[PDB]
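Following this: a sequence and the matching experimental structure.
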Amino acid sequence: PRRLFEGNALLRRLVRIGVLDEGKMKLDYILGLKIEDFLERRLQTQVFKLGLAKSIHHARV
Amino acid sequence: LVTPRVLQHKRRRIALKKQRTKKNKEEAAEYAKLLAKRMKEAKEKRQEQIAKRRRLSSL
Amino acid sequence: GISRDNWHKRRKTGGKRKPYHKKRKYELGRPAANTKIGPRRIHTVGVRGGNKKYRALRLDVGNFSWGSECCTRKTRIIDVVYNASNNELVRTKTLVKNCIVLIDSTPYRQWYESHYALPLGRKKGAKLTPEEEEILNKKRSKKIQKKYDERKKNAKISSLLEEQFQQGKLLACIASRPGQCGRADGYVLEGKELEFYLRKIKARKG
Amino acid sequence: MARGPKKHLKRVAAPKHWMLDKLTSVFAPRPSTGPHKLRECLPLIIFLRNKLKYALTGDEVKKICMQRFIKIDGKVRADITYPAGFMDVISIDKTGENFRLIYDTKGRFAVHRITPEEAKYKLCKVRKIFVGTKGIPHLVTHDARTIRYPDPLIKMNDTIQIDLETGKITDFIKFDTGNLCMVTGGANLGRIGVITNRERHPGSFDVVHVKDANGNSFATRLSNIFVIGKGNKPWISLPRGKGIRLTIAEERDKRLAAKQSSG
RNA sequence: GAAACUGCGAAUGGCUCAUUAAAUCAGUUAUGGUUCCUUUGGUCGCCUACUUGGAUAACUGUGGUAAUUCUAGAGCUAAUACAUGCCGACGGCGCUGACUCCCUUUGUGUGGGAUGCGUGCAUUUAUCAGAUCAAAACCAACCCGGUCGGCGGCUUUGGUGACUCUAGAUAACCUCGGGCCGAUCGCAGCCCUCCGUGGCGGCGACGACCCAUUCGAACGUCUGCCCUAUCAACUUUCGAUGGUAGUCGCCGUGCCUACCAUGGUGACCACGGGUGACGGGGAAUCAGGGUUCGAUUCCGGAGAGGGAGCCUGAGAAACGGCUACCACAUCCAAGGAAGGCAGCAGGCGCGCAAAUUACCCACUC
RNA sequence: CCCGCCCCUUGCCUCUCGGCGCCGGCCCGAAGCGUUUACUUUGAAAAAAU
């Protein structure tokens, strides 16, 4: 019971922010995560990516 | 100094005492009825022992 | 003041222990009653949780009993004779539980005479003649035979009692702590107990 | 400090199942002395401003109790820290409402509203039989009531229905296998299931197996068992979930299945 | 409605970590060895009663000391303070037996009986009961079914694993001057062979006895502890270990006393010494295993300058209670009087090292 | 790797009191336990905060 309930709710949260696919969703793919995917989900990155800026330096301001 | 209010309290003082005695009467009365009814069951147990000896013998 | 602590004094290995706290009030000690024979003097001591303990000094009466024939009458307590706890108390006439004392022995005779309708051992036949023969024979007649006949073929009374009875003395055993109860009470000796303490007495003194 | 009995109770050693916070001050209510055990109580004020939110401050609860709208077991109580516990009925007659104190499946006193019809009696465990002077018997219950002249066939670990007004029990159960029970103490709490078996030892406690109708077996000490009615036949109205008790995996699944957390 | 008597609380909290190495403390168990303000529930009928007795304060008035939250003298008046004590309902129960009555001479089978004493709970002592296992055959005295040889049929409170338990019976004891069984108060009504009495009823408030319960308290079980052998034998009538009886205490117990026995513990580390040692829940670091720290918000303990003793109370060996010594230190008319911040602020001193003489009961209790 | 069988199979009986049976008679669950521990596995039991 510990492995099921924990893993399910862990992976749910990784999917909810979208640093992980649901075409993955196994505990092994947690380990395939890396630094850059987190940093992509940051607000200033998403401002730049999907809204008006001229550089990343603009977007933070 | 006694006033009418005083005298009421002295009548009520004894009314309660008498009432208390009357309640211990009726409770024990009902309990005796109930107790004596069951002690059917007592009779039944004795009857059962006698019956068992006869029944066992019955061949 | 005087303590009743368990945290003074050694432990098993001969080690010592030391205090860590001052004497608590659930450990208490108030000196012995040392009650004697004399007129009733009682002091009331309040104790823990409330409650009263009567401490009696100079008792003179106890409710003894002769439970073989089931009479218990109030009788005077004359003197101590033997105390197995200590010898010194006997010399100084101090009363505590499980002493051996002397009593008046009077009401027991009155009880016997009235119930079994037969006298005790007597000094002489002229002893009873003025009074104590006018209540030993009575106008009832009307249970001269009907009552008395079953009292004429039961009761022996034991020898060791009877020789003392004449003197007006009987040997009874204090049962109750007088210092806590505020009363002396007891039972009168019989049988092998009465043989035992006779021998202890006779060994030690006359 | 130990020259006498204490009177304060903190918040951070308070019995945890009253669901208190900790950013209000150091003290918590403290149950005052009464019929139920201190741990097993729910103080009055916690039902009235930390559950149903009639009041918002403790002074407000005092202002309710003073006007005497509150009853407990048909009598009037007027403290703010009256120690009501398991199997009592609260009765506010200025709303027409009646509550019952019973255990949730997660082991905490819930709100279980009921008919006025049910709210005229409660279930009381027998704990001791004691012959008083002049050959009279007695009962003693967990709500600490002494009911004189009981009929002799009632024994301990049985339960009796009591009429709040008059005493004088209406019915009773005699403890045995195949009777429906609720758990009231122990690490299991609020679970419902039939008795199934008992076990006896000579002194040093004894245990009592239980099994429910969902196929789970569990056990508890003897003195945490309480009878509620005949086999598969409750004589009380039960709060939702019915004492079955799910695991956390299944319980999660329900909320995301209906996809409901508001309505 | 100030004052004052009376009731209740001040034994909670707060603060500090000095002592304290099987002690404290933690987990586990036990009171069948005990106490318990309070709450809750039961318990509450063997020339006065239309109500008993006499003083104290505030108050009034007069004072004393260098000086105090000192206190004297005089004059009043209360009670849920203080001290007393009857009514009602005893148509009952047991033991004496003046006697008396009937039938078999008697005995015995009989029926009644005046006069007495005892007769609730609590208290102390003694005694009795606390019963139910497995069946018959005859002889002696005997009930009923039933007869002028006797055949078949009866006798028993409750409860625990276990109690010398609980309740019952008998004989007494009585705490007096120091157990109980109401001389108390507020809201609102009635009925009278009837004219405000005689009758009686509601709703509360208060007090008290015992049992249960709650909050605990106190003793006791098993297991668990840091360093040291340049600490290896220790403990005993200045009780060490045990036995018997008693004293004392809330109870169990060498807790204490008398008499008696000669034991107890240790290389599986006792005993002794050390600790910049209060214990635990925990904290820091860390792969796994560990190491170090824990004065400090929760829980338990100990202590209020050092010691000892004690009053009141249900609860205290209390210190924002008291009494004394020792150590400090203050006032004084030098005769005497008064004191304890390891409570919140604040100051001195100590040091490497640590805050505002603030606002307020609105929240939490 | 849960019932049984070769001799054993949760080792036995003895039974008696309170249920289940089948047609007075018969069968099988609960009662003493398997020489003792450790070990292992499951329950009960555990203050909160962290």
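Cool, the structure landed. Numbers count the residues shown, from 1 in each chain, chains lettered A, B, ... in the order given.

Spit out the contact partners of the residue of chain C found nearest chain A.
Per CB to the nearest CB, residue C:20 is where chain C lies closest to chain A, at 47.6 Å. Heads up, the C-betas are built off the backbone N, CA and C, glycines and all. If a contact means CB atoms under 8 Å, 6 or more residues apart in numbering or on different chains, then residue C:20 has no contacts.

now residue C:71, which residues is it bridged with?
Note on residue C:71: beta-bridge partners by DSSP bridges are residue C:66.

Check the gap between it and RNA strand E for me.
Distance, residue C:71 to RNA strand E, by CB to the nearest atom of the strand, to the nearest Å: 5 Å.

ok so, going back, phi first, then psi, for the residue of chain C closest to chain A.
Note on residue C:20: its backbone torsions stand at phi -140, psi 0 [degrees, to the nearest 10].

cool, residue D:103 as well?
Here is the backbone geometry of residue D:103 (degrees, to the nearest 10): phi -90, psi 130.

Sticking with residue C:82, tell me its helix or strand.
strand C:71-83 (DSSP states H and E).

Next up, phi/psi of residue C:42, please.
The phi/psi pair for residue C:42 (degrees, to the nearest 10) is phi -130, psi 140.

Repeat that for residue D:216.
Taking degrees, to the nearest 10 as the convention, residue D:216 sits at phi -140, psi 140.

can you check residue B:23 too?
Dihedral angles (degrees, to the nearest 10) for residue B:23: phi -80, psi -40.

and if you look at residue D:139?
Here residue D:139 shows phi and psi, under degrees, to the nearest 10, equal to phi -110, psi 160.

For it, the count of nearby residues, please.
The number of residues packed around residue D:139, counting by other CB atoms under 10 Å in any protein chain shown, is 24.

quick one, what contacts it?
D:126, D:128, D:129, D:145, D:146, D:147, D:150, D:154, D:160.

Can you tell me the closest non-neighbouring residue to the second one?
So the one you mean is residue D:128. Ranked by CB to CB, 6 or more residues apart in numbering or on different chains and with sequence neighbours excluded, the top spatial neighbour of residue D:128 is residue D:140, at 4.1 Å.

what residues are up against that neighbour?
For residue D:140, the contact set (CB under 8 Å, 6+ apart) comprises D:126, D:127, D:128, D:129, D:130, D:146.

ok, now with 10 Å
Contacts for residue D:140 (CB atoms under 10 Å, 6 or more residues apart in numbering or on different chains) come out as D:124, D:125, D:126, D:127, D:128, D:129, D:130, D:146, D:147, D:156.

In three-state terms, label it for me.
Of the three states, residue D:140 takes strand according to DSSP: H, G, I helix; E, B strand; the rest coil.

same question, residue D:227
Three-state call for residue D:227 (three-state DSSP): strand.

what's the burial count for the closest residue in space to it that isn't next to it in sequence?
Counting by CB to CB, 6+ apart, residue D:227 lies nearest to residue D:159, which is 4.3 Å off, once chain neighbours are set aside. Residue D:159: 27 surrounding residues under other CB under 10 Å.

Around residue 3, how many other residues sit close by?
You didn't pick a chain, so chain A it is. 8.

Wait, chain B was what I had in mind.
Residues contacting residue B:3 under the criterion other CB under 10 Å number 7.

can you tell me how far residue C:191 sits from chain D?
In this view, residue C:191 and chain D are 36 Å apart by CB to the nearest CB, to the nearest Å.

Next up, the contacts around the closest residue to that residue other than its chain neighbours.
Among residues not flanking residue C:191 along the chain, residue C:158 sits closest, at 7.4 Å (CB to CB, 6+ apart). Residue C:158 makes contact with C:68, C:190, C:191, C:194, according to CB under 10 Å, 6+ apart.

could these be laid out in JSON lines, adding distance to residue D:193, neighbour count and secondary structure?
What follows is these, written out as JSON lines (distance: CB to CB, whole Å; neighbours: other CB atoms under 10 Å in any protein chain shown; DSSP: H, G, I helix; E, B strand; the rest coil):
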{"residue": "C:68", "distance to residue D:193": "63", "neighbour count": "12", "secondary structure": "coil"}
{"residue": "C:190", "distance to residue D:193": "66", "neighbour count": "16", "secondary structure": "coil"}
{"residue": "C:191", "distance to residue D:193": "65", "neighbour count": "10", "secondary structure": "helix"}
{"residue": "C:194", "distance to residue D:193": "69", "neighbour count": "20", "secondary structure": "helix"}
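
Mind checking what secondary structure the residue of the stretch 101-250 of chain D found nearest chain A has?
Proximity of the stretch 101-250 of chain D to chain A (CB to the nearest CB) peaks at residue D:249, 4.9 Å away. Following three-state DSSP, the label given to residue D:249 is helix.

domains for chain C, by residue range?
Following curated CATH domains, chain C resolves into domains at C:1-30, C:31-105+C:169-206, C:106-168.

for the second one, how far is the first residue from the last?
Spelled out, that is domain C:31-105+C:169-206. 33 Å (CA to CA, to the nearest Å).

what does stretch D:118-134 give?
End-to-end distance for stretch D:118-134: 37 Å, by CA to CA.

now do stretch D:38-57
23 Å.

Which positions in the stretch 151-263 of chain D make contact with chain B?
Counting by CB under 10 Å from any CB of the partner chain, the stretch 151-263 of chain D comes close to chain B at D:151, D:152, D:153, D:168.

Need the three-state assignment for the first one.
Following three-state DSSP, residue D:151 is assigned to coil.

Find the residue at the geometric middle of chain D.
Closest residue to the average C-alpha location of chain D: residue D:86 at 1.4 Å, with CA atoms, centre = their mean.

shouldn't it be in contact with residue D:108?
No: Residue D:86 lies out of contact with residue D:108 (CB atoms under 10 Å); the separation is 11.6 Å.

ranges for the helices of the stretch 101-250 of chain D?
For the stretch 101-250 of chain D, applying DSSP state H, counting those that start in this stretch gives helices covering D:248-258.

sorry, that was for chain A
Secondary structure of chain A (DSSP state H): helices at A:2-17, A:35-40, A:43-50, A:56-60.

can you tell me if the longest one touches RNA strand F.
It stands for helix A:2-17. No: between helix A:2-17 and RNA strand F, judged by CB under 7 Å from any atom of the strand, nothing touches; the nearest distance is 13.3 Å.

Determine the set of other helices and strands touching that helix.
helix A:35-40, helix D:248-258 (3 or more CB pairs under 10 Å, 6 or more residues apart in numbering or on different chains; DSSP states H and E).

could I get the ones you listed as TSV with distance to residue A:51 and mean neighbour count?
Below are the helices and strands packed on helix A:2-17 laid out as TSV (distance: least, CB to CB, whole Å; neighbours: other CB atoms under 10 Å in any protein chain shown):
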stretch	distance to residue A:51	mean neighbour count
helix A:35-40	15	10
helix D:248-258	33	11
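
Now do the contacts for residue C:63.
If you count contacts by CB under 10 Å, 6+ apart, then residue C:63 has C:72, C:73, C:74, C:75, C:176, C:183, C:184, C:185, C:186, C:187 around it.

Which element, helix or strand, includes it?
Counting by DSSP H and E, residue C:63 is part of strand C:61-66.

re earlier: list just the one of the helices and strands packed on helix A:2-17 that sits closest to RNA strand F.
helix D:248-258 (15.9 Å; CB to the nearest atom of the strand).

now the contacts of residue D:139 as TSV including neighbour count?
Shown next, in TSV, are the contacts of residue D:139 (neighbours: other CB atoms under 10 Å in any protein chain shown):
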residue	neighbour count
D:126	20
D:128	10
D:129	14
D:145	13
D:146	12
D:147	17
D:150	19
D:154	18
D:160	20
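
and those residues, which of them are in strands?
Counting by DSSP state E, those place D:126, D:128, D:129, D:160 in strands.

For residue C:62, see how far away the last one is.
Computed as CB to CB, to the nearest Å, the residue D:160 to residue C:62 distance reads 50 Å.
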